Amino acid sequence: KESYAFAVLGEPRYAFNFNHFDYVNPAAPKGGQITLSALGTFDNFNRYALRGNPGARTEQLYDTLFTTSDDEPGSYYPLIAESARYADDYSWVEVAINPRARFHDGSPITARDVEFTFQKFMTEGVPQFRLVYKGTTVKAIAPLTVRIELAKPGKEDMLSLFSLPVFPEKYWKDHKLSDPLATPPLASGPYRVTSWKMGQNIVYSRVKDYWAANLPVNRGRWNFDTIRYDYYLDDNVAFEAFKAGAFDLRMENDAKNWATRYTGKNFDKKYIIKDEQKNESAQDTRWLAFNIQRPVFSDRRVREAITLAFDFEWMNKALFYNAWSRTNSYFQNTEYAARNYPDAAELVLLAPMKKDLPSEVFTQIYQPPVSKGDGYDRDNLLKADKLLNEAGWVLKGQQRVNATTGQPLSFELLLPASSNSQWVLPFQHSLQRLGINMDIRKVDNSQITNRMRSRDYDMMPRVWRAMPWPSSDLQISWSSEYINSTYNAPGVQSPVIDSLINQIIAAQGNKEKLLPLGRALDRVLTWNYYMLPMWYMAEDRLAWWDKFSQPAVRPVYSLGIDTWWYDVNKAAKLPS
C-alpha cells in the first residue's frame, strides 16, 4: 500500500536503512575532469525526437521520479518522488513529489509537470509510447501528488513510468517533442550542458547547487566537475588518441587491440592502467539482422544457409585471439536462455502453435553452426549449398541465381564507417565461394542511424541489449503492432511471437510464469534465424589514465564510472 522502493521482480535490496548504495564511497571528493570519447557525430540535444542524432548523455539530462540501482536488475529508489501509494496489483499509484525538487532555473518540479510530461509523450513522442500506455492516465490530483492509472495490469509498465524524464512545462510548452533541439533544453539533472561544438564535442558541468546531491541515490556519485565527450569518426583513430592521452578512459571492444597494442612508454611507466573483470550477469550480444521483408531474406532456408557461411571458429582463432564467445540466445547468460530441452510448462505454451513452429523447437537445443576453425568448413558449406538449392538458388557458373528467374543472389551489408569490421571480408569471401554476392557499404553515423531506424537495409549489425528477464519491452522490438518502433530489426510480424509476448506482458512481475515463457520465446526467435548470431564476451576490458580512484565495490549491471572520482595524488604523477 505505501513504499519508498520498488522492484520488478522480488524485493528491493535497499528497502531498509538506505543511506547510500554499496558500490559508492559516500565521502568521494568533488572536482576534476573526466574526458571521454564517442564515435560518429551528433547534431542535436533531444533524445526523444522522431529524428536526428542526439548528443552523448542527452538521455540523462533529466531527473526522474524514481531511479534504478546499478547492482540490481530492476529496483527503483526515490529521486524526484519521495514515495508512493499503490494498489496491490500496481494498476494505480499515487506518487508524492519531493517539495525540494527543482529544475536548473530554480523553479519547482510539480505534479503538473509530470502530468504535462505524460501527455507530451502521448501526443508528440515516439509512436510506440502511446501504444504501450494506450489505456493510461496521469493526473496531478494535488500540487505534489500525481496519480497514475493503467487500463490493465502491468507492474513493469507502471515502474517504467518512474524512469520517464520529468519535463518543465514552462520550457517544453514551446517545443515539439518530435523535433530536434539545436540547443540544450531546460533540464534538471546533476550535470548540465555548458558548451559544445556541433558534431565534435559536448561539455557537461556539475550543477554545484543540485537540489538532490544528498539524496541516498546520489551520495558518492556525480563527483567530477566536468564531463567532456570528444567525437571520433572511427575507433582506430580514437584508440590511438586514447594512447596519446587525448581522453581518459577506454572500453576496449577490439580483441586485437587488447591482445597486442596495449604497449609503449605510457604502459611501461604505468600512466595507463588496464583491467579485465569477469562479468557474471546478462550480456549484450552482437548479431547481423536479416531484413526479412526483403525478398532476398524471406526464406528461412536462405537465412540458415547464410548463417552457415559465417565461420566464427575460424575468425576467433585466426583474427581475435580466441577472445569471443558465440552468441546463442536473446536472454544470453540468464535463466531465461533456452539452453536445455523444453520442459512441460514450455510445451503447454508451444504445442498449440506446432503448425507454425520449426519442428526443431521441440527436438533440439539451438546451436549456431560450429566449424573446425581451419577455414573452408566443408560440412557447413555443403549444407548451405543444399539449403540454397532447395530454396531455388542454384549455381550458374560461379554465381548463385534464382532457378526460376535467373536473378543473382545478391545483398548489401550496411556498416558504420566507425566500426573495426575485420570479420567482413572473410564473410564476404565465404559467401563468394557459395556464389553469393555481398556488397559492402560503409556510411557515416547519421546515415547509419537514419537507415537503421527505417530498416533501409538488407543486412546490418545490431546489438541486442542485455535483457535480464523477459520484459514487456520485448513487444517493442518483436510484436507486430510495434513494427515501426525502430527496434524490430528483422521486420518480423509473427502471430506466434505476438501470442508468446502477449502472455509475457500479462505476467509482468511474475517470475514463475516468465521462466518458461522466456525460454519458449528464445526458441522461436533463434530457430527462425531472424538474425545471424555473432559474439559477446562475459568480461569487461577497460583501460584508463591513472588519475582516478574507485569504490571498493563495482556494480553488477554497470561499470560504475559515475561513482569514480578525481584523485589529486595519482593525477599529480602523470605528465601534461
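Sequential numbering from 1, following the sequence displayed.
Engineer: Per the entry, where is the mean C-alpha temperature factor higher: 505-513 or 23-31?
Structural biologist: According to the PDB entry, the answer is 505-513.
Engineer: Given the B-factors recorded for C-alpha atoms, which segment has the greater mean, 8-16 or 558-566?
Structural biologist: Between 8-16 and 558-566, it is 8-16 that shows the higher mean C-alpha B-factor.
Engineer: Checking the record values for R221, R112, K274, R102, which has the greatest CA B factor?
Structural biologist: In the PDB entry, the greatest C-alpha B-factor among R221, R112, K274, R102 is found at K274.
Engineer: Among the candidates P461, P185, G375, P368, give the one with the maximum CA B-factor reported in the record.
Structural biologist: Highest C-alpha B-factor among the listed options: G375.
Engineer: In terms of the CA temperature factor given in the entry, to which third of its chain does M534 belong: lowest, middle or highest?
Structural biologist: It belongs to the lowest third of the chain when residues are ordered by C-alpha B-factor.
Engineer: Where does the C-alpha B-factor of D70 rank in its chain, lowest, middle or highest third?
Structural biologist: For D70, whose C-alpha B-factor we compare with every modelled residue in the chain, the answer is the middle third.
Engineer: Classify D540 as lowest, middle or highest third according to the C-alpha B-factor given in the PDB entry, relative to its own chain.
Structural biologist: For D540, whose C-alpha B-factor we compare with every modelled residue in the chain, the answer is the highest third.
Engineer: What third of its chain's C-alpha B-factors does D498 belong to: lowest, middle or highest?
Structural biologist: Within its chain, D498 is a middle-third residue by C-alpha B-factor, going by the deposited values.
Engineer: Is the Cα B-factor recorded for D157 in the lowest, middle or highest third of its chain?
Structural biologist: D157: CA B-factor falls in the middle third of its chain.
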